[PDB]
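Below you'll find only one chain, the form deposited in one PDB entry, shown as structure tokens.
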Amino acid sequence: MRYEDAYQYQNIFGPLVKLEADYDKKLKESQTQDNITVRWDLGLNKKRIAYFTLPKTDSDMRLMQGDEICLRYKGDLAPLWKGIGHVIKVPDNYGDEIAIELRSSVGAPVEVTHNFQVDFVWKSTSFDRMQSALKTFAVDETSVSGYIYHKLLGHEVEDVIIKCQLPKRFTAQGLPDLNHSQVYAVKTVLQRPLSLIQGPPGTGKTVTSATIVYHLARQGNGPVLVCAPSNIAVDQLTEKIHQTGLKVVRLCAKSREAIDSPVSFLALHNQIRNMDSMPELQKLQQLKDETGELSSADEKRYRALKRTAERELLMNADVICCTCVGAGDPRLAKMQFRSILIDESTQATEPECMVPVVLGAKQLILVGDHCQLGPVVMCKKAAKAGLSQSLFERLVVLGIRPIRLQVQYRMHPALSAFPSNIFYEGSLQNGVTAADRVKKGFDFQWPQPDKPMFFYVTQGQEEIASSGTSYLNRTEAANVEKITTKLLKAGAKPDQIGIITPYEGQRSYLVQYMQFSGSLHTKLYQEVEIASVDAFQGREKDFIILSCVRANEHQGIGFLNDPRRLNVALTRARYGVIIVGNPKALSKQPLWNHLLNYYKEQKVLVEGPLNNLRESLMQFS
């Protein structure tokens, strides 16, 4: 709500951040995996590599590259050993492998493969920086403009506008032309100190954000700061903005500097390599390559030059891109940013979002969608206390009407109908046609050839799985495998299919079942993503298959019980969506009642064999 001053603000959010930090530490430290089989290999960069599947857990799918794992050998055929490695490969399903690069090559027990132990190393950095942002916001009233200060504290302040900021032409150099709503967004943002943009799925929030940044960077001296709580989003922004022709720098944490990515050619730590504007540095880097190492002297000099270079590139950049937490990087403190844009601001806890904000924001743009998944908070006490409400949402409650991008370009209209109607008051418009959203070289028989989606009615008993903690449904699993197979045969590719289901029992089971009972080859099914809706947020697929799993009426979790998660689940697909489930178990929740009704009205609630589908006469509600 409202706060009297930044100190009260800090007094409320600090403790929340602490709860969350301690809980997160406990949880991360409780995820040790016991009996791991490891496959050793050699990277082309000469570093030793370890591949290993964690059976008995799905959680390793939440790893980002650069996260560090502690690998120990707890056997008796070799000297007890312990080493740390950084993640270079993150698994896509329950049976997929993690791949890490060790910090030092030897004496890694490369001749033993079994009885290894995997721990996830917990770092307090993110939480430390969140706290630092809160303390800064409290003690330093010049960390944001007076206007934004008042607005953040929920004070009453007359609205304010800036005239004469609009460009002759809105479309940025190198980007598509913007549609009506996108232009209106850019325009409104250029006229205001604080703006909220709502970007529903498929609407081009990235292009719009890149345009905004383009214009802000052209009418400003210092770098524009661009953030997001996830590295994926940040990389996307970085790429569009870069296509703009601006001088863009992608700042990575030092933990993530041995890692490549779609946009690492813009990474700070790569840009300072082989610079002609710093011959001495060249001379040293060269000598750290030809020879193995550098003397103490040459090393100290080397580091000094690296620091100089980093300062130079950061200070002279048009745009700096990094994660919200990344903005707390020491190399960025002692810098100020007038214009800050934060994407996916609805997926970050407020403090996390404040990390970059306290770096001198005078013109702030928050892009997001409060109709989709919000912040993920581990500590239920913390969440219930308020840490689960994004800065976006809180500002919306305080009276700021977000500007919504209206035309969607991702999915076949048939697929956008329901989400549009239920979550966006029917406002979304289709920028692609049915013909545009039909896959080339694809023979698949939809019960309604014009509507690439259906609810496969499936009634089978559920079982308790995951040693008492979860559920599986063999019947639904079988139907999911049948559908998947039919899709692959129709010309689809594993990398373009996605299976969403809330229960780890069903995911583990699906992986095993397809691996040993699938019509086609194991290798095919292994490249298919299987996860809870959380994992798919922010990404798209050609085809999405849902599995609801539950046979009897129930409380529900995941998309079964959360409208936002259902929205996400229903809006990931370009070409086709198939929901495998039991209408009798779902219809108790009003939203699923709406979904089922809509699907039957479209003659697309079905049962029977895949080869010969028929409309279900099923009774529910």
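We call the rigid core whatever largest set of C-alpha positions still superposes within 1.5 Å between the two forms. Throughout, we count residues from 1 along the sequence that is shown.
There is another form of this protein, the form deposited in another entry, and it is not shown here; the text below is about that form.
Lining up the core between the shown form and the other one shows that one residue from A267, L391, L71, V234 moves its Cα 2 Å or more, and that residue is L71. Put simply, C164 and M335 come closer in the other entry: their C-alpha atoms are 3 Å or more nearer than in the form shown. In contrast to the form presented, in the other entry the C-alpha positions of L341 and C164 draw closer by 3 Å or more.
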